[PDB]
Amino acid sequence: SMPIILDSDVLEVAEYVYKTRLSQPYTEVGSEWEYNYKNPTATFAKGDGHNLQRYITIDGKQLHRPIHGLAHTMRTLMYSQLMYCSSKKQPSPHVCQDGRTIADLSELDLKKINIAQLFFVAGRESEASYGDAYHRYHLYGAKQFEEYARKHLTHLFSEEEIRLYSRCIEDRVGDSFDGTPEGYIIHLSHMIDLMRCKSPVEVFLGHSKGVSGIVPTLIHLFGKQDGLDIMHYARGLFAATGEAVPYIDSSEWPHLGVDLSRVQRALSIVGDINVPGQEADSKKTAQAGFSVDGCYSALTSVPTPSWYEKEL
C-alpha cells in the first residue's frame, strides 16, 4: 500500500497551531471552575470537567492538554486521508445534505480540510465538554482558524471558504454533522480518535439509546472489512504515540449496565471480537506531544491498510 503523507504546507500550519495553542496551558481551571449540580451558579463553571487531565509530567516537564494535544490533532489528519480513499472505493458513498459525497472531494479539498482539522480542538480552555463549554471552545477554534487564514492562507482559501470551514469547526447546535462532505469527514475523523478516551459502550454499543457506536458507524459507511481496518490503523497510531491502547472484549458487553437490545445490535454488526490492550508509554507520549517532528515521525512509521492508495 502507499503511505499516508501530509502536505508540507500543512506541517507548517501544524507548527503554528502547536506553538500558539496546543502547547499552551488550559486557562479555565482552578477553584473558580469547580462544579456541583446542587449549587450550579456558585463559580464560573456551568458543568463538570474543567479541572480534569490538565497536564501530565514526563521527565520533569509538563505536557499540557494531553487528551486534546498535538498527537490527537495530527492523528485526525491521517484518518481523513484514509477515509477519502475508502469512500472512493465504495459502490454508494454517503450523500451529504448538499448532495455531495466524500468521493466528490479533490486532493486540494483534502489539503484544506487538513488545515481546518488542525484548529478543530485548538480553542479549548479545559477538558470541559458539557454544551456551553463545548460550544464556546469550538467557537474559539473557529476564530483562531479565521485569523490565521486571513494572515497567511488567502492564496488557498477565499473569504467564502474561510467562513465555510470556520462554520465546520464551530459545530453549531443547529447544524448536522453531514451538512457537507468537508464537515462530515472532520466529524468522522474526530469520532475515530474518541477510542482513546471512551469506554466500550460509546465505542461499540452507542452512548445512549438511538445512537450507533463509533465502530458500527465505520462499518455502516465503509463495510465491515474496511471499517475494522480503519479501527486497527487508529490503534496502531495510538501505540506509536504512546497512548493507552484499549482492550476489546465483546463477551463483556452485556455486563456494562446497558440494555440488551443495544448489545444484540452491536453483535449483529461487529461480530464477536477480542483484541488485547497495551499500556501507555511515557517516552513515546513525550516524543509525539512536544514537536511536529516528533509527532509526524511517529505517525508515518505505522503501516497503512493494504488497500490504501492515492492518485499521484
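The first residue of the shown sequence is 1; numbering continues from there.
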Point to revise | Higher-B stretch (mean Cα B-factor, as the entry records it), 70 to 78 or 96 to 104 | key: 96 to 104
Review point. Looking at the entry, does 110 to 118 or 128 to 136 show the higher mean C-alpha B-factor?
Key: 128 to 136
Exercise for review: Specify which of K198, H187, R172, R235 carries the largest Cα B factor in the deposited PDB entry.
Suggested key: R172
Revision key, fill the gap. In this crystal structure's PDB entry, the residue among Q278, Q53, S250, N36 with the greatest CA B factor is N36
Practice item. Using the B-factor values recorded in the entry, state whether the Cα atom of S176 falls in the lowest, middle or highest third among the modelled residues of its chain. Key: highest
Exercise for review: Would you mind checking where the Cα B-factor of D59 ranks among the modelled residues of its chain, as the lowest, middle or highest third?
Suggested key: highest
Point to revise | Ranked against its chain, the third holding the CA B-factor of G141 | key: lowest
Review point. Sorting the chain's CA B-factors, does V263 end up in the lowest, middle or highest third?
Key: highest
Study note, to complete from the structure: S87: C-alpha B-factor third of its chain, per the entry, is the middle
